[PDB]
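Quick notes on the structure that follows.
All of the numbers you see were taken from the coordinates with simple rules; none came from a lab. Heads up, the Cβs are rebuilt from the backbone with ideal geometry, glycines too, and the neighbour counts pull from every protein chain shown.
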Amino acid sequence: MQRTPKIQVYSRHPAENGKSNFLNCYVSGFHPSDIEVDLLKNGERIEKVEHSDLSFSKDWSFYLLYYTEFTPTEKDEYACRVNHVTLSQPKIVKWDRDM
Amino acid sequence: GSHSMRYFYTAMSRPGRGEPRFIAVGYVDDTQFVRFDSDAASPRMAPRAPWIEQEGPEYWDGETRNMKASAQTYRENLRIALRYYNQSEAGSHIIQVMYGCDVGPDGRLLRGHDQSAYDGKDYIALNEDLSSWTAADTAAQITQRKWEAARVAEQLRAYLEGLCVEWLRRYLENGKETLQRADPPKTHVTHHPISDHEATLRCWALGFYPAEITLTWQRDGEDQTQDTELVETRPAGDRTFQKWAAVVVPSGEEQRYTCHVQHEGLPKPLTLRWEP
Amino acid sequence: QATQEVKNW
């Protein structure tokens, strides 16, 4: 009776190094609703990340958008890290600016 | 075109961690406009879209009073559901509800909805007639009998045909600059070699509103449904949505592939290809 | 505008 989250990590606008943007981690398709999401910069948790209000899809699975302002560079690595009751360990999905 | 209004409730028990949390959100189409969270420092129905802010204190006080009462009702319903499924007071459970109305371009009711779930599975639904119920199991049949005896459907019908559509029409007018504006997708195809003899073509749609869209790949004019990777439509955070569709193609055959985009902001469906 | 609850489950 549990459903594991799908995870997409992406930017609000096409990424341009040195130009301010928003980093998004969209978690969806999960049940129950408790979920832990961190956005990471070079492996470290970004503080003060915001998120949308809990809602759900026609199949009753939940979705949430976590987001934070960021300025992408060539070398900085970003990821989001997700934990859920369905996961034995946190799942880390790296940001790929072409996905 | 046509429009919808929907309220979504989630009630989540958490034994040992207080009373169940109740969260409600309201949408017009794909635009959230209100929220309520019983865990907030000061729970109130609160605005989440600019066009709802002009409603007066009577509106906000009435919505807040209703949400506090609804939170209590769903706390009671979570206790009732334990009895209906022979469950203990030790576990955490969830009730979800979605209800609302759809209207056509002339503002007339197209259809109404009131559907509930328990632990992520259908529980009971108001039928399209707005007069009878579909119960998913023998527990929901107990609720159905109670709601038939109390003529609940008649009261929901009166809302769905009346205040639901009247308020939706008001919101559509007050939010006409955004709620009644479709933003078409900005589209392009990218090309990524995988190996010397295969490459990924990815068809992108960005910046569109509302979220409904169709992205299809064809090879020699034949839909590639079973061979296409399609990501879930995702929010950008600026009200818009994003989506892509990808196919793996033999190197040298890229021009045999076309991406097709349908969206209500486009006057005609769009056909695109990789442009090297 | 939301509607009011009518009856418990």
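Taking every pair of alpha-carbon atoms in the protein assembly as shown, what share in percent sits in each 20 Å bin, from 0 to the bin with the longest distance?
24, 54, 21, 1
What is the helix-to-structure angle for B:57-84, meaning the angle in degrees between its Cα long axis and the longest Cα principal axis of chain B, kept from 0 to 90 and rounded to the nearest 10?
It is inclined by approximately 80 degrees.
Using a/c under 1.5 as the rounded threshold, could you call the stretch B:1-158 rounded, prolate or oblate? The axes a ≥ b ≥ c are square roots of the C-alpha gyration tensor eigenvalues, and prolate needs a/b larger than b/c, oblate otherwise.
Judged from the Cα gyration tensor, the stretch B:1-158 comes out oblate (a/c at least 1.5, b/c at or above a/b).
In whole Hz, with x marking every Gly and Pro, tabulate ³J(HN,Hα) for the stretch B:6-14 from phi via Karplus 6.51 cos²θ - 1.76 cosθ + 1.60, θ = phi - 60°.
9, 10, 10, 10, 10, 10, 10, 6, 7
Among B:221, B:104, B:162, which one shows the biggest mean-square fluctuation in a GNM of chain B, springs joining Cα atoms closer than 10 Å?
Looking only at B:221, B:104, B:162, the largest GNM fluctuation is found for B:221.
Can you give me the Cα centroid spacing of the stretch B:69-108 and the stretch B:6-25 in angstrom?
9
If each Cα of the stretch B:174-256 is one equal point scatterer, what is log10 of I(q)/I(0) from the Debye formula at q = 0.16, 0.17, 0.20 Å⁻¹?
Rounded to two decimals, the profile gives -0.67, -0.73, -0.90.
Cα axis of helix B:152-161 to longest principal axis of chain B: angle in degrees, 0 to 90, nearest 10?
Approximately 50 degrees, to the nearest ten.
Would you mind computing Rg(Cα) / (2.2 N^0.38 Å) for chain B, counting N as its residues? Could the numbers behind the result be given before it?
On the way: Rg = 23.1 Å, N = 276, 2.2 N^0.38 = 18.6 Å.
Working it through for chain B, the quotient is 1.24.
Looking at the calculated P(r) for chain A, what percent of the C-alpha pair distances fall above 23 Å?
Working: 1177 of 4851 pairs.
For chain A, the share of Cα pairs beyond 23 Å comes to 24 percent.
Given a cut-off of under 8 Å on Cα pairs at least six residues apart, what relative contact order in percent is computed for the stretch B:3-180?
After rounding, I find 20 percent.
Roughly how crowded by other chains is peptide A:26-39, in terms of the mean Cβ count from those chains within 10 Å of each of its Cβ atoms? Display every interim value, and only then the final one.
Working: counts 8, 0, 4, 1, 1, 6, 7, 8, 5, 0, 0, 0, 0, 0.
Mean inter-chain Cβ contacts per residue within 10 Å come to 3.
Check residue B:237: other-chain or 5+ apart residues with amide H under 5 Å from its amide H, H built from backbone geometry?
Those qualifying (amide H under 5 Å, at least 5 residues apart or on another chain) number zero.
With a/c under 1.5 counting as rounded, go ahead and sort the stretch B:112-252 into rounded, prolate or oblate using the C-alpha gyration tensor (a ≥ b ≥ c being the square roots of the eigenvalues; past the cut-off, prolate if a/b is larger than b/c, else oblate).
Note, shape of the stretch B:112-252 comes out oblate.
Over all distinct Cα pairs, what is the inverse of the mean 1/r for the stretch B:91-152, reported as the Kirkwood hydrodynamic radius in Å?
Averaging 1/r across every pair of different Cα atoms and inverting gives 12.7 Å.
Please report the spacing between the Cα centers of the stretch B:125-154 and the stretch B:165-193 in Å, no decimals.
If you average the Cα positions of each part, the centres end up 35 Å apart.
Would you mind giving the mean number of other chain beta-carbons within 10 Å of the Cβ of each residue in A:48-61, as a whole number?
Per residue, the average neighbour count from other chains is 5.
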